[PDB]
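Structure first, commentary second.
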Amino acid sequence: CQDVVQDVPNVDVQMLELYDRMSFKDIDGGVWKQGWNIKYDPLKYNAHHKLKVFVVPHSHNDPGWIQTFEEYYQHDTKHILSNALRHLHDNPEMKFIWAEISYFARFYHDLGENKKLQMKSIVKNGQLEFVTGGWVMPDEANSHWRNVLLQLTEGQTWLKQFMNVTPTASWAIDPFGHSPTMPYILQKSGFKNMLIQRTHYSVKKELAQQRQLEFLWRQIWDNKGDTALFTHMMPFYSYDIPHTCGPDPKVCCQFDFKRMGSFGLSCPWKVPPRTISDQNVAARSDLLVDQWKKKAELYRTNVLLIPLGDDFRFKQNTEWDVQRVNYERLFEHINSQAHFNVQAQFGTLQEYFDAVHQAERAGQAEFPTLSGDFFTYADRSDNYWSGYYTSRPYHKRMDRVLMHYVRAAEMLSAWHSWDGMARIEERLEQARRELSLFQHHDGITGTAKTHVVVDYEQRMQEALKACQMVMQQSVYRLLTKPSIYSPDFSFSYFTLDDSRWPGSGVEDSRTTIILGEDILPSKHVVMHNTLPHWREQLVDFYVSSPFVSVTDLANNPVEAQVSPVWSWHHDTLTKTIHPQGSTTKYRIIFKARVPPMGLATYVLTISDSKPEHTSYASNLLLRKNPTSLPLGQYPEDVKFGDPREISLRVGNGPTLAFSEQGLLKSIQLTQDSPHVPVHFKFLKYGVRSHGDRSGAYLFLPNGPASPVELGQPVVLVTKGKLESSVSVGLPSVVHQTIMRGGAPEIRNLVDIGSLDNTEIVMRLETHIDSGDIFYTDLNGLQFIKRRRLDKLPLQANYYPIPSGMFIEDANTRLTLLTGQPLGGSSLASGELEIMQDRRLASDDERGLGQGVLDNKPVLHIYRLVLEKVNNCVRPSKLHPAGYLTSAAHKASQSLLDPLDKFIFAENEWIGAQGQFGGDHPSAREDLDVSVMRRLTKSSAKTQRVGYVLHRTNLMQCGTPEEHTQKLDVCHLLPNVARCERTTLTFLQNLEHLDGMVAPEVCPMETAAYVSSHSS
Ligand SMILES: O=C1N[C@H](CN[C@@H](CO)c2ccccc2)[C@@H](O)[C@H]1O
Ligand SMILES: *[C@@H]1O[C@H](CO)[C@@H](O)[C@H](O)[C@H]1NC(C)=O
Ligand SMILES: [Zn+2]
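Residue 681 in PDB author numbering sits at position 651 of the sequence shown; the count goes up by one each step and never skips.
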């Protein structure tokens, strides 16, 4: 295994180093506004050395943006694909590439068999070529790597089944900045080449000057280079025709033959296209070849890529004709005039890359190596696209919830083969496809129109219901005596109970367990643990009595805590935000212990008085002017006081001190250690009153943030043996700090209400001497070193925070883990900040045509980990990566993959069993079974189960921490007959494994295995 910590890779281009050196000046480059006037030597190409030009027709089809998926399908995409089939069929030299398989699958299934056969033939013969082959072209900033893999798999599995092809070239022309998670996944999925476009204009200029726009992109920790993937970065401002023929858009627009008038389009540079004729083809070809030769100066081989397309292009038959016929005339002229020394033709993306690598092999070019990322993107001036790291945060959080429910549903149902009448495969396919769709670069990004956001949300709600159905059917089967099991595949044996989605204050969605002497004495509940190690976690349920005790299913008592059910109210009469307690429902909390990838059953029983093993939290309401707070049968009376500082400690865990406004001020890790200053603060950013306005994409603040004016907020302190918390009703945020004995959990119920032109940020202020350095993650996969650059504006120093961020000095680290992707930064030494929501009246001129005024309450969740790191073995000062500690990684897992909770729906569960998975191996803490998916339906004689295994890398800090068992996924199901290593999509076998044993993977590696079973 390669060492991912101690060896700094030697690469030609390291993006953090590049950023430190670059000046980012925005000077007028001439017709290439962000470049320079490109010069070429006419004598470079000659009879013995021609320029080979591939013109690649394409159509960018957004799966929702200004219209919904289905609206675009009906109005645009079905016509594009129908006319592509016809025109490619009838014109054998024409070519076309296709990226978004969600649309292609929608189309193909509606085709008659004769047309399906015609479509298969133009794919098999190379005229129609799939590029990437994902369900979508995903966002790269907010997306979790697990969902990037999910959607890639969904599309490529479809393509293999129906088109008998698996793309090896990727096309990503529109995500708003680019992540190295993409080459990581793609290279482990059979890919050989990828293309990107939206990178900062200053990066394009710098790389173009050095001819470093084609590079071998490796991961930041990869010393050897085995992760490298050949990458082409496009050089200009857009993927549209004006910005793809060459550096002068006024010239290139004249070669977009859809712009002459009849189609409703024109050229903003005020020179229209003109139809190619024998009388103008020489002058037109002079202009076009000169653009091509200039573009070619930015690259190292004699093979040139010329994309030809734009959004929802190639719709009408007349458009196919006008582009094809005019380019054919140009090619006929150019290719017959030796003085140009050009051979130009329609091509596909794979054809381009094949010819590039033939030139490389012939010794014509050597390519540089590169590591790093391409955030934060700016397309022009100071217009940095950091807004969409936060826009529509409700749906960003929903993404992470659905991520986990898909994994849990696929895992729980994989243990068995299911009859078709159970509808398991059907529900899982629907769930995977709706989540996959949302990875689109107008879905999770929060950059679609209001009604499109609603469509995504409705789809994801259906997907959540599908997952719940599959999960509860699976639990019933896994925990019922087999000779008793009598399923009704339409019935709800269990309901899921989720304490954090949609969340307290967002939706009253949770069912109360109703117990009583005259109705029902007890109730079974079941917890699932999708992680491959034993896990303890506190779990809570709502119950109709405070007099409830917990037992395991050997009838052993389990210690429990009961707390009130508190609801925060924005009281329009008193003009205060204050909590009310229920007088009929209560929370019971207890520690569940659950096997690896397993299930554990508990029983909740009512009694007439306080049970022996159940304790009751105290409650203290700090406010001037209190009024009473009755709690029904709850046995401890609420106490009141004036606002004051408070301190709390649960178990042997840290001691946390809070201001009189209910906000953390210090953390003391152990009883004799310092009270380390750690202060939470809420602030607001505004919008500029002159110049460019923030919108769904762009963050254009009117200066540094200003503190929210808190007044004298109401603070609720709940103190229990198992769980304590401090909650405060601030303007726009009910902020909660929850303590269970380790790092606290932070929950913010964020309701930005009618605050127009406001962005609410949560900041942490510490005295950690972090200087200008901080760390953020990429797609939940890796942590990258960031350096704050005062030569760039504030918004340029914002980065995606898809799952966590940290700052550190020689001795101390503060890590904030998230349950949702949000934007954030460290704008000063010792600070961390993360945006909660943004409400923006204006459009930001990127095509959306609306502001962001559809905010709704969202429950954001976090873990806050303060640690001593002086004993940790860290990377050297020049290494571009960082790594979590064990405690921070487990805290992240606690947010993203919590225990699942199931409440038995009927009065008696006949045949109930106490546990599943007690014999599953408990794997080392850095290893995860990211995916477990049965790949065959029940009719297959040989069943196949796929696993994706990911090993992270955790710092060595002196904890001896060992004894675990080896996890061999190929023996998790009985009767194994073969074990194979596969690509991550499961679509290609890479190695037949001796002994049918799946080895574990190295740190920072991800592997896939498929086990086959004879029985
Ligand atoms: O958010 C998005 N931005 C892209 C914008 N495409 C460009 C045309 O190349 C466009 C800009 C403005 C209006 C319409 C279209 C869209 O593809 C969508 O994904
Ligand atoms: C699938 O494609 C391969 C060629 O890449 C071929 O060997 C096999 O026959 C194909 N099956 C078909 C044609 O459906
Ligand atoms: Zn797009």
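No residue lacks a Cβ here, since even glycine has one placed at the ideal position from N, Cα and C.
For the stretch 427-462, there is no continuous beta strand (DSSP E) assignment of 3+ residues that stays within its boundaries.
Under a 10 Å Cβ-count criterion, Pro704 is classified as exposed, with fewer than 16 other Cβ atoms of the shown protein chains found around its own Cβ.
Counting along the chain, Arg507 sits inside no beta strand (DSSP E); it lies in the alpha helix (DSSP H) bounded by residues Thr480 to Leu508. When DSSP states are grouped into helix, strand and coil, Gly163 belongs to the coil group. Per the DSSP secondary-structure output, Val882 pairs in a beta bridge with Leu870. The alpha-carbon separation between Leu379 and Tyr572 amounts to approximately 56 Å. Less than 8 Å divides the Cβ of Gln249 from the Cβ of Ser401. Close to ligand 3, as judged by a C-beta nearer than 5 Å to any of its heavy atoms, are the residues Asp92 and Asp204, in chain order.
About 16 Å separates the beta carbons of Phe245 and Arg228, which is beyond the 8 Å limit, so they are not a contact pair. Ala858 is not a Cβ neighbour of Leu509, given a cutoff of 8 Å.
Take the alpha-carbon of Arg391 and the one of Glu100: they are about 46 Å apart. Within 10 angstroms of the beta-carbon of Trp201 lie 16 or more other beta-carbons, which makes it buried.
The alpha-carbon of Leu432 is positioned some 17 Å away from that of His471. Under the three-state reduction of DSSP, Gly912 is assigned to strand. With respect to the C-alpha of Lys300, the residue from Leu878, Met290 and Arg116 having the closest C-alpha is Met290. Note on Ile514: under 16 other CB atoms within 10 angstroms of its CB, so exposed under the neighbour-count rule. For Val556, DSSP records a beta bridge to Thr631 and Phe932. For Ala622, the enclosing beta strand (DSSP E) begins and ends at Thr606 to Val624.
Per the Cβ contact rule, the stretch 103-114 is not in contact with the stretch 354-368 (fewer than 3 Cβ pairs under 8 Å). If only uninterrupted alpha helix (DSSP H) runs of at least 4 residues are considered, none is enclosed by the stretch 771-851. Burial of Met45 is indicated by the presence of at least 16 other C-beta atoms within 10 angstroms of its C-beta. For the pair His890 and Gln923, the CB atoms are not nearer than the 8 Å cut-off. The Cβ atoms of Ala389 and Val333 sit closer than 8 Å to each other. Shortest gap from the CB of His105 to any heavy atom of ligand 1: 7 Å or more.
Annotation for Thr107: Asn91 and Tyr133 place their beta carbon closer than 6 Å to its own, counting only its chain and skipping 5 residues before and after.
Between ligand 2 and the CB of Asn194, the shortest heavy atom gap is smaller than 7 Å. If you check the C-beta of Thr257 against ligand 1, you find no heavy atom less than 7 Å away.
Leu926 carries a helical assignment under DSSP once its states are collapsed to helix, strand and coil.
Per DSSP, the unbroken alpha helix (DSSP H) holding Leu317 starts and ends at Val311 to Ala326.
Under DSSP, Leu965 forms no beta bridge with any residue. At least one heavy atom of ligand 1 falls within 7 Å of the beta-carbon of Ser268. Close CB contacts of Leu699 within its chain, under the 6 Å cut and outside five residues either way in sequence, are with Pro684 (chain order). Beta-bridge partners of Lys654 (DSSP): none assigned.
Listed in chain order, the alpha helix (DSSP H) runs fully inside the stretch 653-687 amount to none, counting runs of at least 4 residues. In the three-state reduction of the DSSP assignment, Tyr102 falls in the helix class.
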